[PDB]
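Sequence positions in the first sequence follow the UniProt record's numbering and run 421 to 469. All residues carry an ideal CB built from backbone N, CA and C; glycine is no exception. Below is one structure; the comments refer to it alone.
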Amino acid sequence: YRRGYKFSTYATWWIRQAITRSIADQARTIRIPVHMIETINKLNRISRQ
DNA sequence: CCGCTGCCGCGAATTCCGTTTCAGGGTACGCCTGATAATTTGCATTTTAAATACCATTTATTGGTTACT
């Protein structure tokens, strides 16, 4: 709290990180590593636009 | 105070054939670091123009002359 910021501002980053890291590790039968998941997500975001 | 309702379970033929093996989620980014998977040399075993060291039984040259168109 010494930083003087609202709690939610800090907490949201950790929550997003945890959720996304898990959805990368689990959720596939054959486990693609994290970095490849990031690259595939970039690929898909570029393809739509 | 031993009757009836209402829930929930469970089941519904046989072979072949055909066919599109097929798609859909809507969320970030940049560091250190060890952790494998690549790539680089030497040493065991073949295989060595062949070269080599002995046994082998079977023709070859043979030892030519004594009879004689």
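Alpha-carbon spacing of residue i relative to residue j, whole angstroms
{"i": "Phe427", "j": "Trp433", "result": "11 angstroms"}
{"i": "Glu458", "j": "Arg436", "result": "15 angstroms"}
{"i": "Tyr421", "j": "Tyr430", "result": "10 angstroms"}
{"i": "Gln446", "j": "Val454", "result": "10 angstroms"}
{"i": "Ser467", "j": "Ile460", "result": "10 angstroms"}
{"i": "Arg465", "j": "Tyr425", "result": "33 angstroms"}
{"i": "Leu463", "j": "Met456", "result": "10 angstroms"}
Same chain only: Cβ atoms within 7 angstroms of residue i, ignoring 5 sequence neighbours per side
{"i": "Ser442", "result": "none"}
Close Cβ partners of residue i (< 6 angstroms) along its chain, the five nearest in sequence each way excluded
{"i": "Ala444", "result": "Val454, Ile457"}
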